[PDB]
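The structure appears below as structure tokens.
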Amino acid sequence: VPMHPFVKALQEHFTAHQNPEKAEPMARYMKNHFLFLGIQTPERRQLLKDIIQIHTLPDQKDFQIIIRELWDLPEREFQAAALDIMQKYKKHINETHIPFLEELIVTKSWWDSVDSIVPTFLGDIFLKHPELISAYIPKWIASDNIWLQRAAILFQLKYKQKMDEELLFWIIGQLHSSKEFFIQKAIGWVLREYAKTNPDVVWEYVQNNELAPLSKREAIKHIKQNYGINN
DNA sequence: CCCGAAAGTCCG
DNA sequence: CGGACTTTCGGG
């Protein structure tokens, strides 16, 4: 069965505008885990828009199919475009898509794709369906997969006053001993971000609970100004 | 335009 | 370790 014509068109149009000179540093930035065509976001967005203008966005029945086919292509711009396309189908995504999103997280995994999936798509789903959090978050934490662990930390990133504090700190407690950079840094990020909403609770937490040095330092990057640095 | 964020390198 | 610096991206 041939590639979806929308995907084939996107592949042709991206490839015709590839930049091997840019592709080298772009690939190095992601520690050479991926091939790149060398197309940065402003142009990549326009090239996608070109193809939508010519062909129209595919019927929603093909949404998941399009994403998977782009995910399977070698160059990283196709996963970036896949996430752009998923946003265009946003109003069709619901709690039944959690396993689909899980599978995107653990395939072709790196911080660029995982950070674009978790606080937005999964964040929105669990905001509307908080009773489903316990069907997934314990498995993610227990898994061997650091990107599922990062997902458990960051899905509440944008919740602000809707943050479940007890849950957030429980998740962090489960992962605070991890030696993995992407876990330590995610803990620092979500604490730094939540401190914009409730600085007192984040300050108390980091002064009274064990965290990796990186995690603590990132968490209080800003709020240390409000409390001071004791001699 | 600005700022803050993922990262990233380089240095002591 | 952690500070200083860098580019790219998203959002005032």
Side-chain angles (χ1 to χ4, degrees), chain A residues 14 17-49 75-88 90 101 104-106 108-124 145-161 163 168 172 175-199 202 206-207 210-231:
Chain A
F14 280 19
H17 293 269
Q18 72 183 126
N19 183 327
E21 293 94 334
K22 287 198 175 184
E24 182 169 345
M26 285 175 78
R28 276 192 270 104
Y29 186 61
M30 304 306 186
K31 302 303 195 68
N32 291 116
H33 291 304
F34 312 104
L35 299 179
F36 275 78
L37 290 177
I39 306 174
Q40 293 176 303
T41 297
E43 182 171 13
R44 196 199 65 241
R45 293 245 166 90
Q46 182 60 50
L47 297 175
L48 170 61
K49 181 174 185 178
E75 292 86 3
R76 194 50 164 178
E77 288 91 347
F78 293 115
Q79 288 92 68
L83 296 167
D84 288 343
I85 289 167
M86 194 157 68
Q87 184 61 37
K88 294 175 182 303
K90 178 74 173 179
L101 296 167
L104 294 179
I105 288 168
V106 301
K108 308 288 192 88
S109 314
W110 204 236
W111 58 262
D112 56 328
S113 56
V114 174
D115 290 354
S116 292
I117 297 161
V118 167
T120 49
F121 294 98
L122 281 168
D124 286 346
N145 191 290
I146 60 167
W147 304 106
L148 292 178
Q149 296 175 348
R150 182 157 169 128
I153 294 161
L154 294 178
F155 80 94
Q156 301 189 96
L157 181 66
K158 303 159 54 187
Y159 279 17
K160 299 181 171 184
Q161 295 199 276
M163 178 71 75
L168 178 73
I172 292 172
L175 293 166
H176 83 272
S177 294
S178 176
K179 298 182 180 66
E180 169 59 49
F181 168 85
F182 287 114
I183 299 308
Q184 293 182 7
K185 185 62 175 292
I187 289 170
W189 187 8
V190 76
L191 289 174
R192 195 197 315 113
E193 188 67 15
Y194 186 53
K196 300 180 183 180
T197 296
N198 197 335
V202 173
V206 305
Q207 294 311 325
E210 295 189 354
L211 290 175
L214 169 62
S215 295
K216 181 175 183 180
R217 136 169 45 106
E218 291 294 336
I220 67 172
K221 185 170 184 183
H222 302 302
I223 62 170
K224 65 183 174 68
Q225 268 62 241
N226 300 100
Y227 300 104
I229 302 165
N230 298 336
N231 297 287

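Below, all heavy atoms of this structure are taken into account, side chains as well, without hydrogens, waters or symmetry copies. Lettering of chains follows the sequences in order, A, B, ..., and the numbering in each one begins at 1.
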Just say parallel, tilted or perpendicular for the rings of A:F182 and A:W110, cut-offs at 30° and 60°. perpendicular

Ranking B:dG8, B:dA5, C:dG10 by distance to the side chain of A:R45, first place goes to C:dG10

Winner on side-chain proximity to A:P213, out of B:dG8, C:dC1, C:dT8, is C:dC1

Worksheet item: Looking at A:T41, does any N or O in its side chain come under 4.0 Å of the phosphate oxygens OP1/OP2 on C:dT8?
Response: no

Rounded to whole Å, CG of A:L211 lies from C1' of C:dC1 at a distance of 16 Å

inquiry  = Within the 4.0 Å heavy-atom criterion, would you say A:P42 contacts the bases, only the backbone, or no part of the nucleic acid?
reply    = sugar-phosphate

| query | With a 4.5 Å limit on heavy-atom distance, are the side chains of A:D84 and A:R44 in contact? | reply | yes

**Asked** What is the nucleic acid contact for A:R44, judged by heavy atoms within less than 4.0 Å: base, sugar-phosphate only, or nothing?
**Response** nothing

Whole-Å distance, A:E77 CD to C:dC9 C1', equals 15 Å

Check your understanding: Just to confirm, is there a sub-4.0 Å distance from OP1 or OP2 of C:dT6 to any side-chain nitrogen or oxygen of A:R28?
Key -> no

Does the distance from a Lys or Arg side-chain N to an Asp or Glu carboxylate O, for A:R150 and A:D115, drop under 4.0 Å? yes

Which of A:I105, A:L148, A:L101, A:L157 passes side chain to side chain contact (heavy atoms under 4.5 Å, CB included) with A:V118? Answer is A:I105

In whole angstroms, the gap separating P of C:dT8 from CG of A:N19 amounts to 12 Å

Return yes if a side-chain donor-acceptor contact under 3.5 Å exists between A:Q184 and A:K179, otherwise no.
no

note: A:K221, atom NZ; B:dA5, atom P; distance rounded to Å ~ 6 Å

Check this one for me: any side-chain N or O of A:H222 less than 4.0 Å away from OP1 or OP2 of B:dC3? no

Here the distance between atom P of C:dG2 and atom CD of A:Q184, to the nearest Å, is 11 Å

With the side chain defined as heavy atoms from C-beta on, A:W189 is closest, among B:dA5, B:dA7, C:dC9, to B:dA5

Atom CG of A:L154 and atom P of B:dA5 are separated, to the nearest Å, by 13 Å

Taken to the nearest whole Å, NZ/A:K185 to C1'/C:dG2 is 12 Å

Rounded to whole Å, CG of A:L83 lies from P of C:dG10 at a distance of 11 Å

| request: Kindly say if A:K22 contacts the phosphate of C:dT8, meaning a side-chain N or O under 4.0 Å from OP1 or OP2. | output: no

Quick note, A:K31 side chain, CB onward, closest among B:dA5, B:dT9, B:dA7 is B:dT9

